[PDB]
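First up is the structure itself, then whatever we jot down about it.
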Amino acid sequence: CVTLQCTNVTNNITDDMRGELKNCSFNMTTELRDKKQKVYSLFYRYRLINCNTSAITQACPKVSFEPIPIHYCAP
Amino acid sequence: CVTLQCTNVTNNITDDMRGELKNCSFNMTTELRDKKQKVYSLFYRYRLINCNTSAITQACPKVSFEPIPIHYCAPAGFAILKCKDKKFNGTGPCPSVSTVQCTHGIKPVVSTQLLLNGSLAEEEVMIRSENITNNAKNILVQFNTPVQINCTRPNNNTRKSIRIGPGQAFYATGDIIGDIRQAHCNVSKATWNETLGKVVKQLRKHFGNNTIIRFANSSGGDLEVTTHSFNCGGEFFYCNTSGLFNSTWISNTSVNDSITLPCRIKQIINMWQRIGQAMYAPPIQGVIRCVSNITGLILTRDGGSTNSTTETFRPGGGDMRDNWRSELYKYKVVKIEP
Amino acid sequence: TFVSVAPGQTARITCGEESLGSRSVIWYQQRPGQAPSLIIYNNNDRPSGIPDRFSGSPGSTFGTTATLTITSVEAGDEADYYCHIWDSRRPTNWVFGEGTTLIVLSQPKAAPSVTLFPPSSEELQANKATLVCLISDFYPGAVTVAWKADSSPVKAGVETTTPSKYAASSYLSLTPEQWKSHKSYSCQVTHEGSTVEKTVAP
Amino acid sequence: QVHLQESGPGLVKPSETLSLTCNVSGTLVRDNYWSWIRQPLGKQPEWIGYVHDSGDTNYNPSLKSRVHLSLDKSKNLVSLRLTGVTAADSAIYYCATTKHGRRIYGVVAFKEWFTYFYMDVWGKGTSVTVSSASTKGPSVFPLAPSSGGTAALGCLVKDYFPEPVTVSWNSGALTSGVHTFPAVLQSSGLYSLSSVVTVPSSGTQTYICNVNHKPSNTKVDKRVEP
Ligand SMILES: *[C@@H]1O[C@H](CO)[C@@H](O[C@@H]2O[C@H](CO)[C@@H](O[C@@H]3O[C@H](CO[C@H]4O[C@H](CO)[C@@H](O)[C@H](O[C@H]5O[C@H](CO)[C@@H](O)[C@H](O)[C@@H]5O[C@H]5O[C@H](CO)[C@@H](O)[C@H](O)[C@@H]5O)[C@@H]4O)[C@@H](O)[C@H](O[C@H]4O[C@H](CO)[C@@H](O)[C@H](O)[C@@H]4O[C@H]4O[C@H](CO)[C@@H](O)[C@H](O)[C@@H]4O[C@H]4O[C@H](CO)[C@@H](O)[C@H](O)[C@@H]4O)[C@@H]3O)[C@H](O)[C@H]2NC(C)=O)[C@H](O)[C@H]1NC(C)=O
Ligand SMILES: *[C@@H]1O[C@H](CO)[C@@H](O[C@@H]2O[C@H](CO)[C@@H](O[C@@H]3O[C@H](CO[C@H]4O[C@H](CO[C@H]5O[C@H](CO)[C@@H](O)[C@H](O)[C@@H]5O)[C@@H](O)[C@H](O[C@H]5O[C@H](CO)[C@@H](O)[C@H](O)[C@@H]5O)[C@@H]4O)[C@@H](O)[C@H](O[C@H]4O[C@H](CO)[C@@H](O)[C@H](O)[C@@H]4O)[C@@H]3O)[C@H](O)[C@H]2NC(C)=O)[C@H](O)[C@H]1NC(C)=O
Ligand SMILES: *[C@@H]1O[C@H](CO)[C@@H](O[C@@H]2O[C@H](CO)[C@@H](O[C@@H]3O[C@H](CO[C@H]4O[C@H](CO[C@H]5O[C@H](CO)[C@@H](O)[C@H](O)[C@@H]5O)[C@@H](O)[C@H](O[C@H]5O[C@H](CO)[C@@H](O)[C@H](O)[C@@H]5O)[C@@H]4O)[C@@H](O)[C@H](O[C@H]4O[C@H](CO)[C@@H](O)[C@H](O)[C@@H]4O)[C@@H]3O)[C@H](O)[C@H]2NC(C)=O)[C@H](O)[C@H]1NC(C)=O
Ligand SMILES: *[C@@H]1O[C@H](CO)[C@@H](O[C@@H]2O[C@H](CO)[C@@H](O[C@@H]3O[C@H](CO[C@H]4O[C@H](CO[C@H]5O[C@H](CO)[C@@H](O)[C@H](O)[C@@H]5O)[C@@H](O)[C@H](O[C@H]5O[C@H](CO)[C@@H](O)[C@H](O)[C@@H]5O)[C@@H]4O)[C@@H](O)[C@H](O[C@H]4O[C@H](CO)[C@@H](O)[C@H](O)[C@@H]4O)[C@@H]3O)[C@H](O)[C@H]2NC(C)=O)[C@H](O)[C@H]1NC(C)=O
Ligand SMILES: *[C@@H]1O[C@H](CO)[C@@H](O[C@@H]2O[C@H](CO)[C@@H](O[C@@H]3O[C@H](CO[C@H]4O[C@H](CO[C@H]5O[C@H](CO)[C@@H](O)[C@H](O)[C@@H]5O)[C@@H](O)[C@H](O[C@H]5O[C@H](CO)[C@@H](O)[C@H](O)[C@@H]5O)[C@@H]4O)[C@@H](O)[C@H](O[C@H]4O[C@H](CO)[C@@H](O)[C@H](O)[C@@H]4O)[C@@H]3O)[C@H](O)[C@H]2NC(C)=O)[C@H](O)[C@H]1NC(C)=O
Ligand SMILES: *[C@@H]1O[C@H](CO)[C@@H](O[C@@H]2O[C@H](CO)[C@@H](O[C@@H]3O[C@H](CO[C@H]4O[C@H](CO[C@H]5O[C@H](CO)[C@@H](O)[C@H](O)[C@@H]5O)[C@@H](O)[C@H](O[C@H]5O[C@H](CO)[C@@H](O)[C@H](O)[C@@H]5O)[C@@H]4O)[C@@H](O)[C@H](O[C@H]4O[C@H](CO)[C@@H](O)[C@H](O)[C@@H]4O)[C@@H]3O)[C@H](O)[C@H]2NC(C)=O)[C@H](O)[C@H]1NC(C)=O
Ligand SMILES: *[C@@H]1O[C@H](CO)[C@@H](O)[C@H](O)[C@H]1NC(C)=O
Ligand SMILES: *[C@@H]1O[C@H](CO)[C@@H](O)[C@H](O)[C@H]1NC(C)=O
Ligand SMILES: *[C@@H]1O[C@H](CO)[C@@H](O)[C@H](O)[C@H]1NC(C)=O
Ligand SMILES: *[C@@H]1O[C@H](CO)[C@@H](O)[C@H](O)[C@H]1NC(C)=O
Ligand SMILES: *[C@@H]1O[C@H](CO)[C@@H](O)[C@H](O)[C@H]1NC(C)=O
Ligand SMILES: *[C@@H]1O[C@H](CO)[C@@H](O)[C@H](O)[C@H]1NC(C)=O
Ligand SMILES: *[C@@H]1O[C@H](CO)[C@@H](O)[C@H](O)[C@H]1NC(C)=O
Ligand SMILES: *[C@@H]1O[C@H](CO)[C@@H](O)[C@H](O)[C@H]1NC(C)=O
């Protein structure tokens, strides 16, 4: 999270919607030392903007998030 | 810590002072990718120089550093015997043994040469050594009375913690002025007169029968070894210690002004082994005086001769475990069985 | 710089850089046409003959400027004032601080007479040209003079006296062709809120 | 009373050496610090240095290689020499008696102890102009009357050196209505001035200005006519 090169899918407009979701372009360290490749990025909420003073990104290969019944017992 | 672009506040000069403290300019990763901003930096000890192969920087939003009483207790089925004998030879004959569950509460004072805060002797001044013949062994000299030591470091620094980036947390010290002399201290002497006289008294009533006793300064080494390295709240003070050890005590008989000691504040200390250096980065405010009670002496003897008709004693120390033996002297954890 | 005050009121004069170390500031008073004369030493100490109306700001709070205060000001206090700063973190200052002129506004309202002469035929015959602007019978002794060529400000060739006991002069040096070129030249005298102008033409 | 009187040549050519003397009465020179100070026209004072018979003596660093200060105990005077002068050295120069004070704190503040000097007695000053002019005579032109029933009338005295010039009207038989302005020192380093009279517009009396410039032995009488 540094700076985002974002644009909008609006080519004609009413209500001044802008967008909460944006499809953006980026510069990304891939492999080796100081190479980049053009990469898609989405931000939920034009250039820059980034994040404010912290960003943990969960993602992960195998996960999900649905509450699971947890019982509390006395010893 | 990479390279520092430092300058000096000296526009005319005597004594070739240079400086221990420098206010410097830097190039700093703030936010995003590869942006910088001009930033103040202070180094306690011109370009470059950095740190040597490790730097942990403590800082933190909410912390401080003042020793807090910590009690040591024996568990279940265990006791702690305690010699309440006022005159203990350290290896030896003790008539009164008691058993406490928990200690009165020991304060973790990290210092060398003198004990600051700490505990006093109930009756007279007591000298203690693991081997009175072996000069390599330390001599914990415990006092029945405190010698004063007032330390005023009126150096000023204004706290600015710039939170520019997520991973980054940077400080900025070195604002304002006031032209404080280094960092300063005093030891108060009347106590030091009677105490040192009485110490040479104890020495001459123990191992020193008939000898003129002289006290030279530290023999040399790391800044922690040459100076009375102690802390006034997380900064590491180093004091020229000649003022404490510069008196020749005549064996014949005994022989308002206060002693003022030159000190320096350091941010970069070496804890542990060399796993890393520790920095208290933003000394907050300025004009901070710490009044202390000199509760002690840790000594090492200078091996002399008998033709000199004198005995020389030097400040030693370094392993704080000696300070705890100087505190944990009346506690030995023991267990009970039928 | 300049500081003006009414008689009986209090004047304050600032001099030198903001303090860095401990200070000893010396203040001197210099009357017009006279050698400098002193006022204060050691920030607030006075020599023989100096009344307690004069006081200096302590060599104290860091990052502040030295100030001289004069209470119950009288016309005799009108003078240039200079400081000499001693600051423990700065080199010896070999130049005094920049001076401040104290104006005591004791009297109103006389308005200047202005007269404006074109270059003489004889000067023109000498291939030179000078416009002469004479200003007199005014009080107080503060005026500024500006010149115009047509409507344009003159950037060069103007020489103007400091007025004295008031009267002042301003001279615009021109070439004969500069003189003949423009429709007119003007002398503008600025005095006590008002500006009086006179014009001259070939 | 302690009394100092400076003297000097008044005029020095560029590259020459300026030599000034300060005559002292009411005290002996050995018993005081003495400081030379200089102050250019329209500027703040610029000091020069201080000297003491003890050798406790110091010079303004910017002038260091060009300046010498001395005390003469036998004649009870203080001297200054300044070599290789230029126009930048033009100023009023003052001799003074320099007192010393100390700011003293607790030993905890020893690094901040310092001495300061103040100049408590000044001479009247001596004017030093470093310029290059042997002499120059003025040019005098009439300022013709042209226009209350009254008109003004004058004489322009242009480009002379040095000061002063005297101007009278009708040999002295006209001193009223007369205003002789102070001279302007031009960027050329020459002076100019003007004198005016206010007269009734009606062809009686004759008006002549008499200009004298003593340094150049110049005297000019100029008739001023409509
Ligand atoms: C470590 O060991 C060493 C020795 O080995 C010790 O070193 C000492 O360090 C301390 C700390 O700085 C020193 O204290 C400073 O002393 C300065 C010099 O003082 C001498 O000279 C003064 C005359 O100015 C004299 O008065 C002093 O004696 C007085 O005190 C003794 C007792 O100690 C007493 O017996 C005398 O009778 C004197 O008492 C008189 O004067 C007192 C005020 O000074 C009055 O309170 C009292 O009623 C009586 O009249 C001594 O001989 C001194 O200048 C410094 O004072 C400054 O700064 C202080 C802050 O650091 C501040 O608290 C003071 O108010 C004062 O500030 C004012 O004055 C200064 C200039 O004087 C100005 O710049 C300030 O702006 C301010 O101005 C006010 O007052 C002005 C004058 O009244 C006035 O014009 C103005 O309008 C304002 O109102 C310090 O106090 C001490 O000198 C050192 N000792 C030695 C042996 O050298 C050190 O103690 C020790 N460390 C520790 C932790 O113990
Ligand atoms: C992309 O670009 C396209 C063009 O390529 C553009 O298309 C616009 O789409 C919007 C949304 O559909 C249209 O907005 C509506 O316009 C309605 C018609 O407005 C016109 O007529 C008004 C009067 O009509 C009334 O009376 C007539 C009889 O005369 C009757 O038949 C009608 O049915 C109706 O009753 C007239 O007032 C209006 O002009 C006004 O505004 C212009 C400035 O724009 C101003 O200059 C005039 O002075 C006047 O103020 C215009 O001529 C309109 O009725 C309708 O408004 C109602 O609904 C909205 C909510 O949707 C309410 O807010 C409002 O109060 C009313 O209830 C609405 O505004 C617009 O007409 C299209 N533009 C064109 C050129 O066709 C889009 O904007 C762009 N965006 C996208 C993604 O499509
Ligand atoms: C530690 O040591 C370092 C040196 O090693 C030293 O670093 C200083 O850091 C401070 C703070 O960052 C700097 O102070 C700032 O200086 C800014 C620049 O000032 C310079 O230029 C001024 C004009 O600049 C404008 O135009 C120029 C082009 O001409 C352009 O480059 C600029 O960007 C800007 O647009 C100029 O006026 C100024 O000189 C002034 O002061 C000197 C005396 O110091 C005097 O001689 C001049 O006559 C004149 O008065 C200088 O040359 C400046 O813009 C900035 O001021 C703004 O912010 C402050 C608040 O921070 C406001 O108070 C002020 O009103 C303005 O809004 C600020 O002053 C300083 O420049 C650094 N010094 C060096 C050498 O780099 C620290 O001082 C040391 N720290 C300690 C504790 O001693
Ligand atoms: C080293 O640096 C440190 C900083 O790291 C610096 O710390 C200073 O410590 C001193 C002493 O404690 C402080 O001095 C005091 O400041 C008080 C606060 O002043 C500020 O606010 C003033 C008004 O505050 C009132 O109202 C506000 C709300 O508006 C409210 O919060 C307050 O509580 C209070 O009710 C304001 O006037 C003042 O600004 C003045 O000065 C600045 C220049 O410094 C100028 O620019 C302004 O125009 C204005 O003139 C400031 O913003 C203050 O109240 C207090 O003053 C009283 O006590 C003193 C005696 O101690 C009397 O002389 C005075 O008459 C008052 O009774 C006092 O001045 C200072 O604030 C700290 N600085 C910082 C940055 O926190 C040390 O000075 C440095 N140390 C060394 C050794 O150099
Ligand atoms: C070894 O022995 C020595 C004594 O020989 C002893 O030294 C102590 O050192 C520690 C650490 O440096 C000191 O702790 C700090 O004390 C600060 C000062 O506290 C005093 O003053 C308080 C108010 O002061 C403000 O106003 C006064 C003017 O009135 C002004 O001078 C100050 O500068 C300041 O502006 C006062 O409240 C306080 O008394 C409180 O506590 C006592 C009990 O101890 C109680 O009886 C009172 O009712 C009151 O509650 C005291 O008089 C203090 O400001 C500072 O606190 C700040 O920092 C800490 C973190 O360090 C924060 O937790 C806290 O919230 C504040 O931000 C801090 O507590 C201590 O003062 C020294 N003591 C002496 C006597 O010098 C050591 O303790 C011994 N060491 C060991 C091993 O324990
Ligand atoms: C910033 O720049 C400033 C200048 O702008 C500069 O200022 C110097 O400040 C220091 C500290 O105050 C001064 O150092 C002292 O100088 C004393 C005077 O020395 C002069 O006179 C010496 C003889 O005087 C004795 O006898 C006379 C009678 O003739 C008697 O009246 C005096 O009181 C005194 O008893 C003379 O020997 C000396 O010249 C020596 O050195 C020069 C080279 O520098 C050499 O060329 C000569 O041949 C000769 O060797 C000089 O002319 C002096 O007494 C004093 O020394 C004593 O104290 C020091 C400790 O401070 C001891 O180490 C020493 O043994 C003595 O006990 C001391 O040296 C210096 O004079 C200032 N410079 C000037 C030009 O005024 C600072 O250096 C810069 N730094 C700062 C921050 O200020
Ligand atoms: C990536 O490319 C964009 C332009 O497409 C540029 O603005 C940005 O600075 C580049 N980032 C890097 C890593 O240089
Ligand atoms: C930062 O700037 C300085 C010059 O002020 C330069 O010497 C140094 O190399 C720069 N550092 C970086 C990160 O490029
Ligand atoms: C302490 O013990 C040693 C022998 O272990 C002895 O030399 C010394 O005299 C003893 N001290 C006293 C007080 O008896
Ligand atoms: C103490 O050290 C000395 C040599 O310095 C030695 O002779 C003596 O045996 C030692 N005592 C013990 C208990 O090791
Ligand atoms: C510091 O203060 C204590 C009392 O709080 C006093 O006993 C001691 O003498 C002081 N130190 C000095 C060197 O004056
Ligand atoms: C302080 O101690 C050092 C050695 O640790 C010594 O060289 C120096 O002379 C001493 N300083 C003073 C003030 O005596
Ligand atoms: C200690 O004091 C003696 C005088 O008793 C002095 O000669 C010596 O220089 C001092 N040593 C130190 C290191 O302060
Ligand atoms: C130091 O000792 C004295 C009494 O011996 C006492 O007044 C002072 O409070 C003591 N300091 C501490 C840390 O208790």
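Numbering starts fresh at 1 for the residues of each chain in the structure tokens, the chains themselves are lettered A, B, ... in the order given, and ligands are numbered from 1 as they appear.
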
Checklist entry - Got a sec to pull out which chain B residues are within 12 Å of chain A, counting only C-alpha atoms, and send them as a PyMOL selection string? => result chain B and resi 29-35+162-169

Next on the checklist: Please find the residues of chain D near chain C - the criterion being any atom within 6 Å, counting only C-alpha atoms - and write them as a VMD selection string.
Outcome noted: chain D and resid 44 to 47 112 114 124

Checklist entry - Please, which residues have at least one atom within 10 Å of an atom of ligand 11, using only C-alpha atoms and all ligand atoms, listed as a ChimeraX atom specification? => result /B:146-152,185-191,256-261,289-293

Expected file: the selected residues, N, CA, C and O atoms, as a compact mmCIF listing (two decimals), in the first residue's frame:
```txt
# COMPACT_ATOMS: atom_id res chain seq x y z
N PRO B 146 24.01 7.32 54.06
CA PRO B 146 24.02 7.74 52.66
C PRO B 146 24.84 9.00 52.37
O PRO B 146 24.77 9.97 53.13
N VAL B 147 25.60 8.99 51.28
CA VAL B 147 26.41 10.15 50.87
C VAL B 147 25.60 10.81 49.77
O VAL B 147 25.21 10.16 48.84
N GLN B 148 25.35 12.11 49.86
CA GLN B 148 24.39 12.62 48.86
C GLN B 148 24.90 12.66 47.43
O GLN B 148 26.10 12.64 47.19
N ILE B 149 23.97 12.60 46.47
CA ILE B 149 24.34 12.79 45.07
C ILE B 149 23.16 13.35 44.28
O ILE B 149 22.18 12.66 44.01
N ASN B 150 23.26 14.62 43.92
CA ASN B 150 22.17 15.28 43.22
C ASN B 150 22.57 15.46 41.76
O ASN B 150 23.52 16.16 41.48
N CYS B 151 21.80 14.90 40.83
CA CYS B 151 22.20 14.99 39.43
C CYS B 151 21.22 15.78 38.57
O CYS B 151 20.13 15.31 38.26
N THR B 152 21.63 16.98 38.18
CA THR B 152 20.81 17.82 37.31
C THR B 152 21.36 17.84 35.89
O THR B 152 22.41 18.42 35.62
N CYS B 185 26.06 16.79 37.35
CA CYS B 185 25.79 16.12 38.61
C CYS B 185 26.65 16.66 39.75
O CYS B 185 27.57 17.45 39.53
N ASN B 186 26.28 16.26 40.96
CA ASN B 186 26.97 16.61 42.19
C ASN B 186 26.99 15.41 43.10
O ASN B 186 26.05 14.62 43.11
N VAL B 187 28.05 15.27 43.87
CA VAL B 187 28.00 14.44 45.06
C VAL B 187 28.25 15.32 46.29
O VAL B 187 29.13 16.17 46.28
N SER B 188 27.45 15.12 47.34
CA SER B 188 27.62 15.85 48.59
C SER B 188 28.46 15.04 49.56
O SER B 188 28.04 13.95 50.05
N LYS B 189 29.60 15.71 49.80
CA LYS B 189 30.84 15.43 50.55
C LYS B 189 31.00 15.26 52.08
O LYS B 189 31.87 14.49 52.50
N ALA B 190 30.21 15.93 52.91
CA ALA B 190 30.40 15.79 54.37
C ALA B 190 30.20 14.33 54.74
O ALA B 190 31.02 13.71 55.46
N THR B 191 29.13 13.79 54.19
CA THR B 191 28.81 12.39 54.34
C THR B 191 30.02 11.67 53.76
O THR B 191 30.54 10.77 54.38
N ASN B 256 30.56 26.35 52.94
CA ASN B 256 30.00 25.09 52.48
C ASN B 256 30.39 24.78 51.04
O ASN B 256 30.06 25.53 50.12
N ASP B 257 31.10 23.67 50.85
CA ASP B 257 31.58 23.29 49.53
C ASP B 257 31.13 21.88 49.14
O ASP B 257 31.22 20.95 49.93
N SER B 258 30.66 21.74 47.90
CA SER B 258 30.22 20.44 47.40
C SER B 258 30.98 20.01 46.15
O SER B 258 31.42 20.84 45.35
N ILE B 259 31.13 18.70 45.98
CA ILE B 259 31.81 18.12 44.83
C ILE B 259 30.89 18.06 43.62
O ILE B 259 29.80 17.49 43.68
N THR B 260 31.32 18.66 42.51
CA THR B 260 30.53 18.64 41.29
C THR B 260 31.09 17.74 40.18
O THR B 260 32.18 17.97 39.68
N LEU B 261 30.31 16.72 39.82
CA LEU B 261 30.75 15.75 38.82
C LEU B 261 30.15 15.98 37.42
O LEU B 261 28.94 16.16 37.28
N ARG B 289 16.18 16.69 37.22
CA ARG B 289 17.13 16.42 38.28
C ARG B 289 16.68 15.23 39.11
O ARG B 289 15.52 15.10 39.51
N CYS B 290 17.63 14.33 39.32
CA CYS B 290 17.46 13.11 40.10
C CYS B 290 18.31 13.16 41.35
O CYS B 290 19.54 13.14 41.28
N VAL B 291 17.66 13.22 42.51
CA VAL B 291 18.39 13.19 43.77
C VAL B 291 18.47 11.76 44.25
O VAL B 291 17.48 11.03 44.27
N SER B 292 19.68 11.35 44.61
CA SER B 292 19.97 9.99 45.01
C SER B 292 20.79 9.92 46.31
O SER B 292 21.56 10.83 46.64
N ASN B 293 20.62 8.79 47.00
CA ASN B 293 21.36 8.46 48.20
C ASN B 293 22.49 7.48 47.91
O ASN B 293 22.22 6.34 47.51
```

Taking only C-alpha atoms and all ligand atoms into account, which residues are within 8 Å of ligand 5, as a PDB file with N, CA and C atoms, in the first residue's frame?
```
ATOM      1  N   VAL B  63       5.784   4.662  28.031  1.00  0.00           N
ATOM      2  CA  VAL B  63       6.756   3.960  28.875  1.00  0.00           C
ATOM      3  C   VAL B  63       7.553   4.940  29.729  1.00  0.00           C
ATOM      4  N   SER B  64       8.420   4.381  30.567  1.00  0.00           N
ATOM      5  CA  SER B  64       9.378   5.124  31.380  1.00  0.00           C
ATOM      6  C   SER B  64      10.292   4.097  32.039  1.00  0.00           C
ATOM      7  N   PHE B  65      11.201   4.548  32.897  1.00  0.00           N
ATOM      8  CA  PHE B  65      12.151   3.626  33.506  1.00  0.00           C
ATOM      9  C   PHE B  65      12.632   4.081  34.889  1.00  0.00           C
ATOM     10  N   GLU B  66      11.911   3.638  35.910  1.00  0.00           N
ATOM     11  CA  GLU B  66      12.260   3.873  37.302  1.00  0.00           C
ATOM     12  C   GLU B  66      12.100   2.560  38.051  1.00  0.00           C
ATOM     13  N   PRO B  67      13.159   2.095  38.729  1.00  0.00           N
ATOM     14  CA  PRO B  67      13.113   0.821  39.455  1.00  0.00           C
ATOM     15  C   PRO B  67      11.915   0.728  40.400  1.00  0.00           C
ATOM     16  N   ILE B  68      11.273  -0.438  40.401  1.00  0.00           N
ATOM     17  CA  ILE B  68      10.088  -0.706  41.208  1.00  0.00           C
ATOM     18  C   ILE B  68      10.338  -1.887  42.134  1.00  0.00           C
ATOM     19  N   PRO B  69       9.997  -1.730  43.425  1.00  0.00           N
ATOM     20  CA  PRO B  69      10.214  -2.766  44.439  1.00  0.00           C
ATOM     21  C   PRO B  69       9.654  -4.115  44.030  1.00  0.00           C
ATOM     22  N   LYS B 107      14.327  -3.072  45.183  1.00  0.00           N
ATOM     23  CA  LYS B 107      14.336  -2.194  44.020  1.00  0.00           C
ATOM     24  C   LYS B 107      15.519  -2.510  43.087  1.00  0.00           C
ATOM     25  N   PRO B 108      15.229  -2.698  41.785  1.00  0.00           N
ATOM     26  CA  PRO B 108      16.140  -3.019  40.674  1.00  0.00           C
ATOM     27  C   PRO B 108      16.995  -1.858  40.161  1.00  0.00           C
ATOM     28  N   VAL B 109      17.915  -1.366  40.983  1.00  0.00           N
ATOM     29  CA  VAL B 109      18.738  -0.216  40.617  1.00  0.00           C
ATOM     30  C   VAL B 109      19.970  -0.661  39.835  1.00  0.00           C
ATOM     31  N   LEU B 116      22.699   3.088  44.583  1.00  0.00           N
ATOM     32  CA  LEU B 116      21.879   4.289  44.595  1.00  0.00           C
ATOM     33  C   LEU B 116      20.506   3.760  44.921  1.00  0.00           C
ATOM     34  N   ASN B 117      19.720   4.546  45.650  1.00  0.00           N
ATOM     35  CA  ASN B 117      18.670   3.978  46.488  1.00  0.00           C
ATOM     36  C   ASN B 117      19.238   2.872  47.376  1.00  0.00           C
ATOM     37  N   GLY B 118      18.788   1.648  47.130  1.00  0.00           N
ATOM     38  CA  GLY B 118      19.203   0.453  47.851  1.00  0.00           C
ATOM     39  C   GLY B 118      18.960   0.407  49.351  1.00  0.00           C
ATOM     40  N   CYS B 232      19.042   7.830  34.961  1.00  0.00           N
ATOM     41  CA  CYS B 232      18.172   8.820  35.593  1.00  0.00           C
ATOM     42  C   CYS B 232      16.756   8.742  35.038  1.00  0.00           C
ATOM     43  N   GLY B 233      16.361   7.572  34.549  1.00  0.00           N
ATOM     44  CA  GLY B 233      15.034   7.405  33.981  1.00  0.00           C
ATOM     45  C   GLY B 233      15.023   6.848  32.563  1.00  0.00           C
ATOM     46  N   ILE B 288      15.896  17.974  34.146  1.00  0.00           N
ATOM     47  CA  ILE B 288      15.464  16.813  34.912  1.00  0.00           C
ATOM     48  C   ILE B 288      16.494  16.432  35.960  1.00  0.00           C
ATOM     49  N   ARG B 289      16.182  16.693  37.222  1.00  0.00           N
ATOM     50  CA  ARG B 289      17.133  16.420  38.279  1.00  0.00           C
ATOM     51  C   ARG B 289      16.677  15.226  39.112  1.00  0.00           C
ATOM     52  N   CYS B 290      17.632  14.328  39.320  1.00  0.00           N
ATOM     53  CA  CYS B 290      17.462  13.110  40.096  1.00  0.00           C
ATOM     54  C   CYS B 290      18.313  13.160  41.355  1.00  0.00           C
ATOM     55  N   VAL B 291      17.660  13.221  42.508  1.00  0.00           N
ATOM     56  CA  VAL B 291      18.387  13.193  43.766  1.00  0.00           C
ATOM     57  C   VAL B 291      18.471  11.757  44.249  1.00  0.00           C
ATOM     58  N   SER B 292      19.684  11.353  44.606  1.00  0.00           N
ATOM     59  CA  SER B 292      19.973   9.987  45.013  1.00  0.00           C
ATOM     60  C   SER B 292      20.789   9.917  46.305  1.00  0.00           C
ATOM     61  N   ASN B 293      20.622   8.793  46.995  1.00  0.00           N
ATOM     62  CA  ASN B 293      21.361   8.462  48.205  1.00  0.00           C
ATOM     63  C   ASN B 293      22.489   7.479  47.908  1.00  0.00           C
TER      64      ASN B 293
END
```

Checklist entry - What do you get as a list in words if you pick all residues at most 9 Å from ligand 10, counting only C-alpha atoms and all ligand atoms? => result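 The residues within 9 Å of ligand 10, counting only C-alpha atoms and all ligand atoms, are residues 130, 131, 132, 133, 134, 135, 136 and 137 of chain B.
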
Item to check | Close residues to ligand 7 using only C-alpha atoms and all ligand atoms, limit 9 Å, as an MDAnalysis selection string | outcome: (chainID A and resid 3 5 25:29 34:38) or (chainID B and resid 33:34)

Next on the checklist: Please list as a VMD selection string every residue within 8 Å of residue 46 of chain A, counting only C-alpha atoms and excluding residues in the same chain fewer than 6 positions away.
Outcome noted: chain A and resid 5 to 8

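Residues within 7 Å of residue 199 of chain D, counting only C-alpha atoms and excluding same-chain residues fewer than 5 positions away, are residues 150, 151 and 152 of chain D.
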
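The gap separating atom CA of residue 55 of chain D from atom 22 (C, counted along the ligand's line) of ligand 6 is 6.5 Å, in Å to one decimal.
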